[PDB]
Amino acid sequence: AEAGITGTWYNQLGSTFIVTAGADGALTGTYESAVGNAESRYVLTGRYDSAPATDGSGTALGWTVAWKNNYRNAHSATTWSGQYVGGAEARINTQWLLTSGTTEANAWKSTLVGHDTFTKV
Amino acid sequence: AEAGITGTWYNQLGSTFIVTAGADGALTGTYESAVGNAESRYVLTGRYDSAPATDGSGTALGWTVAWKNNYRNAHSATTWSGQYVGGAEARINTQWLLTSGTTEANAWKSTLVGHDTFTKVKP
Amino acid sequence: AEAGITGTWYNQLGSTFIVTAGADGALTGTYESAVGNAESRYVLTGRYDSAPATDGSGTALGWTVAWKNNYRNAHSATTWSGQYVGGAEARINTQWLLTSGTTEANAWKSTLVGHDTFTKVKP
Amino acid sequence: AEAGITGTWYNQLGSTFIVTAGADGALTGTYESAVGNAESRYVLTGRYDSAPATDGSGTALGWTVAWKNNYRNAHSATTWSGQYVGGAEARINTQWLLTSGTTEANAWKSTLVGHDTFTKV
Amino acid sequence: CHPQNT
Amino acid sequence: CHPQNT
Amino acid sequence: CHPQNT
Amino acid sequence: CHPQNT
């Protein structure tokens with residue numbers, strides 16, 4: 001529930017996402033690919049619902065990572081949108097949009113879509 | 001180039017987006033629908049590529065809004081992902097994903113997808 | 001009403017869609033890009049709601065094209081899902097998903113998403 | 001591989017999808033929800049690549065179901081796009097778009113997006 | 001109820 | 001009435 | 001060059 | 001290689 005979001009999560013491909021959830025709705029942290037060499041790390045920022053519904057509902061959240069750091073610049077950004085579900089086996093279920101900077105001619109094939117499930121294992 | 005993104009933008013449905021691009025790649029601002037007024041205003045946070053390819057290539061960016069402010073809470077969040085294209089008429093073309101908090105049984109139908117075009121009006 | 005959907009349509013990039021709507025809900029036809037000519041032509045199959053709500057509500061429909069014909073095989077398929085809106089200028093507004101055949105290791109980046117608007121030109 | 005698509009598949013929510021794959025690319029069959037009472041069944045049509053690549057690649061495919069039968073009409077249509085992977089444990093991995101017929105005012109919130117994995121178990 | 005799942 | 005759009 | 005669009 | 005996965 002709420003603050004249970006703060007921690008270290010892993011998706012099904014081994015990428016690690018470390019986040020801090022602020023009392024009023026901010027999400028801040030770092031994302032890094034598998035292999036995990038120390039700059040494969042990128043900055044992320046986002047928002048989540050800080051006062052979720054009291055029925056059995058999940059907590060809505062989302063975040064962005066622009067794929068530029070001090071070593072590499074992949075001229076793309078990914079946004080993940082989903083919901084957090086607390087329990088003995090907590091998870092964050094998401095779908096994502098990856099847009100690349102393209103010329104006008106290749107604009108139609110600029111975005112990929114996918115889904116990820118993050119767990120604490 | 002941060003300066004080109006910074007400003008007031010509007011989409012085809014009349015919603016307002018006020019954003020400032022910082023030199024480290026951060027995006028901050030507020031989002032509002034056409035009803036105007038004070039609250040319909042929600043906080044937004046995002047990232048953009050501060051060092052884009054030259055060419056006539058667009059700049060990739062993305063931002064999130066959780067639909068809760070001090071007057072309402074819709075229990076949902078939207079993420080827009082797209083690219084800024086500068087020139088005479090600068091535009092931000094996007095695709096978005098709206099997810100609502102649901103129970104496990106209705107989770108298969110929690111997310112809406114769509115697309116938005118923003119035209120610039122002020123820095 | 002099947003008659004309104006049946007015809008030749010074109011999207012904003014210059015691609016051609018020729019379709020016939022049958023009374024049981026079936027959609028059949030051909031798809032072509034702006035290069036024209038014979039083959040750039042691929043077979044399409046889909047379904048639509050043959051009994052739509054009255055109102056000024058749109059008719060829901062969807063169709064698939066596998067990008068293989070007798071001259072080329074791109075090893076991919078696209079599905080468009082949207083709604084037909086009749087009136088003076090009839091339009092079909094859609095969103096599409098393009099999936100390519102990949103190895104397991106690249107499967108996370110197999111699908112592109114986008115949107116298309118078709119304007120009618122002939123029955 | 002190729003014809004291995006023909007059969008009875010189930011997604012993670014218990015819905016059953018029965019398909020016949022034609023030598024030249026056609027996909028035909030029926031889809032029915034869990035509970036399985038005999039009209040919860042809907043007709044589907046689609047296409048697949050009939051000559052896939054010989055490296056370890058999956059087979060691209062897609063299909064549509066308009067949500068009208070003799071009993072109910074939900075004024076919507078769903079399209080699934082993905083790829084088939086043969087092996088000792090065959091599966092079809094997909095993402096889908098569900099559009100509803102709406103008025104002009106509600107057009108912006110007309111489409112849902114999701115993902116499904118179909119297995120023969 | 002939407003016919004698609006359950 | 002969702003606040004994203006009118 | 002994918003045949004969907006030019 | 002895209003930084004997002006692996």
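In what follows, chains carry the letters A, B, and so on, assigned in the order in which the sequence lines appear, proteins first and then strands, with residues in each chain numbered from 1. Side chains included, hydrogens not; waters and symmetry mates left out as well; all remaining heavy atoms used.
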Taking side chain to side chain donor-acceptor pair (under 3.5 Å) as the test, write out the residues that go with B/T59, two or more places apart.
none
Contact list (residues 67-74 of chain B to chain F, heavy-atom gap under 4.5 Å, by number) returns B/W67, B/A74
Taking every non-hydrogen atom, the tightest pair across F/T6 and B/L13
CG2-O, 4.1 Å
Please output the residues of residues 91-123 of chain B in contact with chain F, using a heavy-atom cutoff of under 4.5 Å, in numerical order.
B/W96, B/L98, B/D116
Side chain, backbone, both or neither: which part of B/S15 has an atom under 4.5 Å from a heavy atom of chain F?
side chain
Heavy-atom contacts under 4.5 Å, residues 16-39 of chain B to chain F:
B/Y31, B/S33
